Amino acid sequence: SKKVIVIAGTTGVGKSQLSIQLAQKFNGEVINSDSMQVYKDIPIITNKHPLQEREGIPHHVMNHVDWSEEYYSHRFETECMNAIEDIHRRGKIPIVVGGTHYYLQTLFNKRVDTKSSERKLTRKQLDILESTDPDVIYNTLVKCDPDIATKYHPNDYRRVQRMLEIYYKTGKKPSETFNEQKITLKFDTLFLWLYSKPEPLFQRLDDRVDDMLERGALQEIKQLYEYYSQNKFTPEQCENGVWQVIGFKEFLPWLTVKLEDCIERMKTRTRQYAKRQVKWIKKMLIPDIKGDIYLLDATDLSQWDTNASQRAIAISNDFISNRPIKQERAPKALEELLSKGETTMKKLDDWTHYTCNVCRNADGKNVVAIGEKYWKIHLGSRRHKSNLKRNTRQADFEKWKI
């Protein structure tokens, strides 16, 4: 049936570079899945693949959103889906590339459609959702469908809110909605994971930040600051739209010697991003696709043509030819990356909550752990210990008085 190739991996691994090679070799068009590359201009910091390096290969769902808009999952689901259909009905093979692996969920119905589910929210309902209270909306969720509230921490406002929002608009318990999800892969998809040891990568990711400024990043930064300014925007705005990009918010303090710091801070955010990306691919993506993925070692660039190019072409060739892949699925070196221990084994299965009646956070609320394993990690934490001691001593001082 209609095939679809997807390329995943961390930043600066050659995803775009590969995507092009395959596109040419197999007659296809690229579809960006990077949540930040969907915005207008600002190519240097948003690291868009230059045109004179696309061999004319068509690109979709990329650079079209106005800095005034707020892109998101569904916006991608509809857009990415159209590109697929369109590319397919033209005898071409789609190729989705990006670092926002979260969006990839659309490729296998891992979402909840609440748009076609019209329902005028009630004054009572809304007043709860948009409540100014800290942990009140959570209690509401625990009340209606506690089997979903237990899968979230009482502080995960963004998510706890979403869940309740669903319960309202759909009038159906979100927990149930999930148990009923089919979660089946859409289209005969081929997941290619381009990977590279963290050390070598981190180095490249750093240098690619240096000559990233040399190419005139500061110009795009000031530009972004001009728009940021003349708009009365506060730093807390850097949690929406383009304002989330890694390459702007980091230099905000340099916009009130020290610019050098904003650069380091940026190099760090990038580093962390790459790390969180692997974690997702290993604990979220792979487990979701039952492990039907193929690794490509791009650690030693001096090679690439062999480890990435050829291998990717080899697998893709058998793939498109509508045949069972004979390739090893993973080179000896990265073999353990697809192991159960490195993947589904790490996923949290115990959701029972625990509230330490002795420890409390800066927000005043008492610490609440999820899962017996971590509940204990906390009990043995110096935090809990140091606090359990001061508590005992205070309680003891009185014992002595008597």
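All residue numbers refer to positions in the sequence shown, first residue = 1.
*Between residues given as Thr256 and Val257, how many of the deposited sequence are not built: none, 1 to 3, 4 to 9, or 10 or more?*
Per the record, 4 to 9 deposited residues are absent between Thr256 and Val257.
_Going by the mean C-alpha B-factor recorded in the entry, which is higher: 260-268 or 119-127?_
Mean CA B-factor is higher for 119-127.
_Quick check on the record: does 195-203 or 168-176 carry the larger mean Cα temperature factor?_
According to the entry, 168-176 carries the higher average C-alpha B-factor.
*Highest CA temperature factor in the entry: which of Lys279, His101, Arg215, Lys332?*
The record points to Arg215.
*According to the deposited entry, which of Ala298, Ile315, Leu224, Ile289 has the largest Cα B-factor?*
Of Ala298, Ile315, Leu224, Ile289, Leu224 has the highest C-alpha B-factor.
*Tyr228 - which third its CA temperature factor falls in, relative to the rest of the chain*: It belongs to the highest third of the chain when residues are ordered by C-alpha B-factor.
_Ranked against its chain, the third holding the CA B-factor of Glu342_ = According to the entry, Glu342 has a C-alpha B-factor in the chain's lowest third.
*Could you say whether, by C-alpha temperature factor, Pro94 belongs to the lowest, middle or highest third of its chain?*
For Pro94, the deposited C-alpha B-factor lands in the lowest third.
*Could you tell me which third, lowest, middle or highest, the C-alpha B-factor of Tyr138 occupies within its chain?*
Highest third.
*Compare the C-alpha B factor of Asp41 with those of the other modelled residues in its chain, then answer lowest, middle or highest third.*
Highest third of the chain for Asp41's C-alpha B-factor.
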